[PDB]
$ cat run_24.tsv   # TSV, C-alpha atoms and all ligand atoms
chain	number	residue	atom	x	y	z
A	412	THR	CA	90.90	90.30	118.68
A	413	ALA	CA	89.30	88.74	115.65
A	414	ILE	CA	89.87	90.05	112.11
A	415	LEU	CA	87.23	89.40	109.40
A	416	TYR	CA	87.53	89.60	105.62
A	417	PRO	CA	84.28	89.19	103.68
A	418	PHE	CA	84.19	87.24	100.41
A	419	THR	CA	81.67	86.22	97.74
A	420	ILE	CA	81.76	83.04	95.61
A	421	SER	CA	79.78	81.18	93.00
A	422	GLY	CA	77.13	78.93	94.56
A	423	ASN	CA	77.79	76.05	92.14
A	424	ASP	CA	81.49	75.79	91.25
A	425	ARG	CA	83.44	73.70	93.78
A	426	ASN	CA	86.65	72.53	92.06
A	427	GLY	CA	90.10	73.07	93.59
A	428	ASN	CA	91.04	74.86	96.78
A	429	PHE	CA	90.39	78.07	98.69
A	430	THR	CA	93.98	79.31	99.26
A	431	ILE	CA	94.84	82.16	101.64
A	432	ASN	CA	98.19	83.94	101.99
A	433	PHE	CA	98.97	85.76	105.26
A	434	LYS	CA	101.91	87.91	106.30
A	435	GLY	CA	102.67	88.26	110.01
A	436	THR	CA	105.24	88.10	112.76
A	437	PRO	CA	107.93	85.48	111.90
A	438	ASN	CA	107.41	82.24	113.85
A	439	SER	CA	103.97	83.40	115.14
A	440	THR	CA	101.22	80.97	116.11
A	441	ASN	CA	97.94	81.60	114.28
A	442	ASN	CA	94.47	80.20	113.70
A	443	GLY	CA	91.11	81.15	112.32
A	444	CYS	CA	88.48	79.94	109.87
A	445	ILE	CA	86.76	80.24	106.55
A	446	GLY	CA	83.17	80.84	107.67
A	447	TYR	CA	79.92	81.00	105.73
A	448	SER	CA	76.17	81.02	106.14
A	449	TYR	CA	74.54	77.81	105.08
A	450	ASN	CA	70.81	78.32	104.73
A	451	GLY	CA	71.21	80.96	107.44
A	452	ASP	CA	73.36	78.90	109.84
A	453	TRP	CA	77.02	79.79	110.36
A	454	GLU	CA	79.58	77.06	109.64
A	455	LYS	CA	83.31	77.24	109.95
A	456	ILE	CA	86.23	75.53	108.19
A	457	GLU	CA	88.96	76.05	110.79
A	458	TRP	CA	92.61	76.59	109.82
A	459	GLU	CA	95.84	76.95	111.78
A	460	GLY	CA	99.50	77.53	111.13
A	461	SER	CA	102.72	79.26	112.00
A	462	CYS	CA	104.43	81.94	110.01
A	463	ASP	CA	107.87	81.07	108.62
A	464	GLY	CA	111.06	83.15	109.09
A	465	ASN	CA	109.87	85.66	106.47
A	466	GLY	CA	106.51	85.97	108.21
A	467	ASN	CA	104.56	84.08	105.50
A	468	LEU	CA	101.74	81.55	106.03
A	469	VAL	CA	99.71	79.78	103.33
A	470	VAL	CA	96.39	78.06	104.21
A	471	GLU	CA	94.72	75.65	101.77
A	472	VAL	CA	91.21	74.19	102.10
A	473	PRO	CA	89.26	72.17	99.52
A	474	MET	CA	86.34	74.15	97.98
A	475	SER	CA	84.26	71.00	98.41
A	476	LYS	CA	84.02	71.81	102.13
A	477	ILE	CA	81.66	74.65	101.25
A	478	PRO	CA	78.17	73.35	100.49
A	479	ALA	CA	76.32	74.04	97.26
A	480	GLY	CA	74.36	77.31	97.22
A	481	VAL	CA	76.64	79.21	99.59
A	482	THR	CA	77.60	82.56	98.01
A	483	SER	CA	79.26	84.52	100.82
A	484	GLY	CA	81.32	84.25	103.92
A	485	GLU	CA	84.29	85.58	105.87
A	486	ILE	CA	87.90	84.66	106.19
A	487	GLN	CA	88.56	85.05	109.91
A	488	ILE	CA	91.71	85.40	111.92
A	489	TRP	CA	91.20	84.35	115.54
A	490	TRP	CA	94.47	83.67	117.37
A	491	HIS	CA	97.55	85.57	116.28
A	492	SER	CA	100.53	85.62	118.66
A	493	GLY	CA	101.91	88.71	116.92
A	494	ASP	CA	100.76	90.57	113.83
A	495	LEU	CA	98.83	88.85	111.04
A	496	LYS	CA	97.07	90.09	107.90
A	497	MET	CA	95.57	88.53	104.81
A	498	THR	CA	97.52	89.56	101.70
A	499	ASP	CA	95.70	87.42	99.06
A	500	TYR	CA	93.18	84.70	98.65
A	501	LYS	CA	92.35	82.54	95.65
A	502	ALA	CA	89.14	80.63	95.07
A	503	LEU	CA	87.59	79.24	91.89
A	504	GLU	CA	90.53	80.46	89.79
A	505	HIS	CA	90.29	84.07	91.03
A	506	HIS	CA	93.00	85.86	93.03
A	507	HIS	CA	92.02	88.68	95.34
A	508	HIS	CA	94.99	90.88	96.31
A	601	LIG	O1	96.87	77.56	119.46
A	601	LIG	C1	96.76	78.95	119.82
A	601	LIG	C2	96.04	79.12	121.15
A	601	LIG	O2	94.66	78.76	120.99
A	601	LIG	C3	93.88	79.02	122.16
A	601	LIG	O3	92.49	78.74	121.97
A	601	LIG	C4	91.86	79.62	121.03
A	601	LIG	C5	91.39	78.77	119.87
A	601	LIG	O4	92.48	78.11	119.22
A	601	LIG	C6	90.67	79.67	118.89
A	601	LIG	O5	91.57	80.68	118.41
A	601	LIG	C7	89.48	80.28	119.59
A	601	LIG	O6	88.79	81.00	118.58
A	601	LIG	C8	87.54	81.60	118.96
A	601	LIG	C9	87.75	83.11	118.83
A	601	LIG	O7	88.49	83.65	119.94
A	601	LIG	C10	86.42	83.83	118.62
A	601	LIG	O8	85.61	83.77	119.79
A	601	LIG	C11	85.70	83.17	117.45
A	601	LIG	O9	84.50	83.89	117.17
A	601	LIG	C12	84.01	83.79	115.84
A	601	LIG	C13	82.91	82.74	115.78
A	601	LIG	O10	83.45	81.43	115.94
A	601	LIG	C14	82.18	82.84	114.46
A	601	LIG	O11	83.02	82.47	113.38
A	601	LIG	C15	81.70	84.28	114.23
A	601	LIG	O12	81.11	84.43	112.96
A	601	LIG	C16	80.06	85.38	112.85
A	601	LIG	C17	80.37	86.18	111.58
A	601	LIG	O13	81.51	87.01	111.84
A	601	LIG	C18	79.13	86.96	111.11
A	601	LIG	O14	78.92	88.04	112.03
A	601	LIG	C19	77.88	86.08	111.06
A	601	LIG	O15	76.72	86.84	110.74
A	601	LIG	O16	77.70	85.52	112.35
A	601	LIG	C20	78.73	84.61	112.70
A	601	LIG	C21	78.34	83.82	113.94
A	601	LIG	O17	78.19	84.68	115.06
A	601	LIG	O18	82.79	85.18	114.25
A	601	LIG	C22	83.47	85.19	115.50
A	601	LIG	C23	84.63	86.15	115.37
A	601	LIG	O19	84.18	87.50	115.47
A	601	LIG	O20	85.39	81.82	117.76
A	601	LIG	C24	86.57	81.02	117.92
A	601	LIG	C25	86.13	79.59	118.24
A	601	LIG	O21	85.24	79.08	117.21
A	601	LIG	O22	89.94	81.10	120.67
A	601	LIG	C26	90.68	80.37	121.66
A	601	LIG	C27	91.14	81.38	122.69
A	601	LIG	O23	90.03	81.66	123.55
A	601	LIG	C28	94.38	78.15	123.32
A	601	LIG	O24	94.11	76.76	123.07
A	601	LIG	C29	95.87	78.44	123.53
A	601	LIG	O25	96.42	77.62	124.58
A	601	LIG	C30	96.69	78.31	122.26
A	601	LIG	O26	98.02	78.83	122.46
$ encode --input "run_24.tsv" --output "structure tokens"
Amino acid sequence: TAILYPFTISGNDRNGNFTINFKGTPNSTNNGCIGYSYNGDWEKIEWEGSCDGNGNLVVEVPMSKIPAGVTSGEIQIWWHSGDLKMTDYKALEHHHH
């Protein structure tokens, strides 16, 4: 039961990380990706992790994994053993709550 969150980025700036905060069922098992179209073809930077006792999960990916010229994509949740939602993401110095 996939969940998709669209995003837009600069095509040029690639310093730092793409950081995602999720809230979900404590101790849940979760995975997904950061996906994007690269010259029309879909590529995926997979992520996985378990929520802590408070139900929080932070995912970090280097921005350098997204090729130059890419301007849009989706944060995707794939597997979630309980509940999971994106509460914030940060890329290229910009938070999105
Ligand atoms: O460890 C937990 C659990 O994992 C189990 O195996 C999982 C596995 O870990 C993954 O969760 C896997 O994930 C697949 C998803 O179920 C789903 O099919 C997903 O589909 C994506 C697709 O990959 C792609 O990103 C697609 O992007 C679109 C985009 O949305 C946009 O429309 C654009 O224009 O087009 C692109 C391309 O079409 O979006 C889809 C989501 O809608 O793909 C995942 C794999 O890449 O599922 C497995 C379960 O079947 C087991 O190992 C288990 O034992 C273990 O407990």
$ closest_residue --input "run_24.tsv" --among "A:482, A:438, A:492, A:475" --to "ligand LIG 601 (chain A)" --atoms "all atoms listed in the file"
A:492
$ residues_around --input "run_24.tsv" --residues "residue 447 (chain A)" --least-positions-apart "6" --cutoff "7 Å" --atoms "all atoms listed in the file" --output "PyMOL selection string"
chain A and resi 453-455+483-485
$ write_last_selection --input "run_24.tsv" --atoms "C-alpha atoms" --output "PDB file, in the coordinates of the input"
ATOM      1  CA  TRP A 453      77.020  79.790 110.360  1.00  0.00           C
ATOM      2  CA  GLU A 454      79.580  77.060 109.640  1.00  0.00           C
ATOM      3  CA  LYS A 455      83.310  77.240 109.950  1.00  0.00           C
ATOM      4  CA  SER A 483      79.260  84.520 100.820  1.00  0.00           C
ATOM      5  CA  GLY A 484      81.320  84.250 103.920  1.00  0.00           C
ATOM      6  CA  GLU A 485      84.290  85.580 105.870  1.00  0.00           C
TER       7      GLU A 485
END
$ closest_residue --input "run_24.tsv" --among "A:467, A:436, A:487, A:430" --to "ligand LIG 601 (chain A)" --atoms "only C-alpha atoms and all ligand atoms"
A:487
$ atom_distance --input "run_24.tsv" --atom1 "CA of residue 427 (chain A)" --atom2 "CA of residue 458 (chain A)"
16.8 Å
$ atom_distance --input "run_24.tsv" --atom1 "CA of residue 429 (chain A)" --atom2 "CA of residue 478 (chain A)"
13.2 Å
$ atom_distance --input "run_24.tsv" --atom1 "CA of residue 457 (chain A)" --atom2 "CA of residue 470 (chain A)"
10.1 Å
$ closest_residue --input "run_24.tsv" --among "A:428, A:465, A:439, A:448" --to "residue 495 (chain A)" --atoms "all atoms listed in the file"
A:439
$ axis_aligned_box --input "run_24.tsv" --around "ligand LIG 601 (chain A)" --padding-each-side "5 Å" --output "AutoDock Vina command-line options"
--center_x 87.4 --center_y 82.4 --center_z 117.7 --size_x 31.3 --size_y 21.3 --size_z 23.8
$ residues_near_ligand --input "run_24.tsv" --ligand "ligand LIG 601 (chain A)" --cutoff "6 Å" --atoms "all atoms listed in the file" --output "VMD selection string"
chain A and resid 413 442 446 453 489 to 490
$ residues_around --input "run_24.tsv" --residues "residue 476 (chain A)" --least-positions-apart "2" --cutoff "9 Å" --atoms "all atoms listed in the file" --output "ChimeraX atom specification"
/A:425,456,472-474,478
$ closest_residue --input "run_24.tsv" --among "A:468, A:420, A:445, A:503" --to "residue 491 (chain A)" --atoms "all atoms listed in the file"
A:468
$ closest_residue --input "run_24.tsv" --among "A:431, A:462, A:502, A:414" --to "residue 477 (chain A)" --atoms "only C-alpha atoms"
A:502
$ decode --input "run_24.tsv" --residues "region 459-487 of chain A" --atoms "C-alpha atoms" --output "CSV table (one decimal), in the first residue's frame"
chain,number,residue,atom,x,y,z
A,459,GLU,CA,14.9,1.3,5.2
A,460,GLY,CA,14.5,1.5,9.0
A,461,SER,CA,12.6,0.8,12.1
A,462,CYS,CA,10.7,3.3,14.2
A,463,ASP,CA,12.0,3.8,17.8
A,464,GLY,CA,9.9,3.6,20.9
A,465,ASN,CA,8.4,7.1,20.2
A,466,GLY,CA,7.5,6.0,16.7
A,467,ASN,CA,10.2,8.2,15.0
A,468,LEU,CA,12.5,7.3,12.1
A,469,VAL,CA,15.0,9.5,10.3
A,470,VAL,CA,16.4,8.6,6.9
A,471,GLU,CA,19.5,10.3,5.4
A,472,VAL,CA,20.7,10.0,1.9
A,473,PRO,CA,23.5,12.0,0.2
A,474,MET,CA,22.2,14.5,-2.4
A,475,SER,CA,25.0,13.4,-4.7
A,476,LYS,CA,23.0,10.2,-5.4
A,477,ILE,CA,20.6,12.3,-7.5
A,478,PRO,CA,22.1,13.1,-10.9
A,479,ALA,CA,22.6,16.6,-12.2
A,480,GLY,CA,19.5,18.0,-14.0
A,481,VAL,CA,16.9,16.1,-12.0
A,482,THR,CA,14.3,18.6,-10.7
A,483,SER,CA,11.5,16.4,-9.3
A,484,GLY,CA,10.7,13.1,-7.7
A,485,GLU,CA,8.8,11.3,-5.0
A,486,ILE,CA,9.5,10.2,-1.5
A,487,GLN,CA,7.9,6.8,-1.4
